[PDB]
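Asker: Partial complex here, more coming in a sec:
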Amino acid sequence: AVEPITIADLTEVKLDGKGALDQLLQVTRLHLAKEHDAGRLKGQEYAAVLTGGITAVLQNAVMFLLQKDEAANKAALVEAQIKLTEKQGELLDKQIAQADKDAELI
């Protein structure tokens, strides 16, 4: 169950790839494109914003990939522990009555 996360997983070199960096850049491009299509951006702020954003987007994507997968696993582990505590509580509920019946042997 060990899928090795690789540079290909982060980003393949193609512009239209499926890497996380690639798709974040694509969505940024779409938002800027709609903004320019409406009368609100010239063709130069479009480049300025993207170039400014590149490194921050990279850092965020790197942060995302490392912590992404294991969080769901942690949550499932927690809910399994929830059920386990349910059962321990039930056993102790049995325990009190068992001891109370055991009282008079002494």
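Answerer: Okay, I see it. Numbers count the residues shown, from 1 in each chain, chains lettered A, B, ... in the order given.

Asker: Which secondary structure element is home to the residue found closest to residue A:46 once you drop the neighbours it is linked to in the chain?
Answerer: Nearest residue to residue A:46, sequence neighbours excluded (CB to CB, 6 or more residues apart in numbering): residue A:32, at 5.3 Å. (Each C-beta comes from the backbone N, C-alpha and C, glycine too.) Element membership for residue A:32 (DSSP states H and E) is helix A:20-37.

Asker: Check which residues of that helix are buried.
Answerer: For helix A:20-37, burial by neighbour count (16 or more other CB atoms under 10 Å) applies to A:20-22, A:24-25, A:32.

Asker: if we take these, which one ends up nearest to residue A:9?
Answerer: residue A:20 (7.9 Å; CB to CB).

Asker: residues in contact with the closest one?
Answerer: By CB atoms under 8 Å, 6 or more residues apart in numbering, the contact set of residue A:20 is A:9-11, A:61, A:64-65.

Asker: and those residues, which of them are in strands?
Answerer: Under the assignment DSSP state E, the contacts of residue A:20 contribute nothing to strands.

Asker: Residue A:24 versus residue A:88, what's the distance?
Answerer: For residue A:88, the distance to residue A:24 equals 45 Å [CB to CB, to the nearest Å].

Asker: following sequence is chain B, place it on the structure:
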Amino acid sequence: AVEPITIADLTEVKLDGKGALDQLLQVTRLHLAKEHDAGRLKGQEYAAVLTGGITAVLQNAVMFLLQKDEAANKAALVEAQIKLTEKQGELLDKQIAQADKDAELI
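Answerer: Let me add chain B to what's already shown:
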């Protein structure tokens, strides 16, 4: 019970998608649109604010997705432990009386 959070979960590439980034951008757009509809914004501050916000919104969404799911699981685990401590307290309440009755065997 392991749903793998993916890039699609974070954001699909479409503008009108259901990704967290997409919906945060949509709500920001709605607030700015109402502000412009009232006589309070020109069509250029609208672009300036959005472009400035992009990366901060991205960072906040990434922070949100990782910690979102497991918090509820942690809370449920805590309340299960609450019930467990209830039962342990009851058992010890049985314990004191048991020992007091056991006193004279020595």
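
Asker: now that chain B has been added, could you go back to the contacts of residue A:20?
Answerer: By CB atoms under 8 Å, 6 or more residues apart in numbering or on different chains, the contact set of residue A:20 is A:9-11, A:61, A:64-65, B:7.

Asker: Just the element for the residue nearest the centre of chain A, please.
Answerer: For chain A, the residue nearest the mean C-alpha position is residue A:68 (3.5 Å; CA atoms, centre = their mean). Taking DSSP H and E as the criterion, residue A:68 maps to helix A:45-102.

Asker: Using PDB, list the CA coordinates for stretch A:76-95.
Answerer: Only the C-alpha atoms of stretch A:76-95 are listed here, as PDB (Å, rounded to 0.1, in the frame of the first residue of the first chain):
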ATOM      1  CA  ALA A  76      -9.700   6.700  10.200                       C
ATOM      2  CA  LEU A  77      -7.400   5.500  12.900                       C
ATOM      3  CA  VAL A  78      -9.100   8.000  15.300                       C
ATOM      4  CA  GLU A  79     -12.600   6.700  14.600                       C
ATOM      5  CA  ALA A  80     -11.400   3.100  15.000                       C
ATOM      6  CA  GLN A  81     -10.100   4.200  18.400                       C
ATOM      7  CA  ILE A  82     -13.500   5.700  19.100                       C
ATOM      8  CA  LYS A  83     -15.200   2.300  18.500                       C
ATOM      9  CA  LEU A  84     -12.500   0.600  20.700                       C
ATOM     10  CA  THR A  85     -13.300   3.000  23.600                       C
ATOM     11  CA  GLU A  86     -16.900   2.200  23.100                       C
ATOM     12  CA  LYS A  87     -16.200  -1.500  23.700                       C
ATOM     13  CA  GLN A  88     -13.900  -0.800  26.700                       C
ATOM     14  CA  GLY A  89     -16.700   1.200  28.300                       C
ATOM     15  CA  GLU A  90     -19.100  -1.600  27.700                       C
ATOM     16  CA  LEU A  91     -16.700  -4.100  29.300                       C
ATOM     17  CA  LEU A  92     -16.300  -1.900  32.400                       C
ATOM     18  CA  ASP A  93     -20.100  -1.700  32.600                       C
ATOM     19  CA  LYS A  94     -20.000  -5.400  32.800                       C
ATOM     20  CA  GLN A  95     -17.100  -5.100  35.400                       C
END
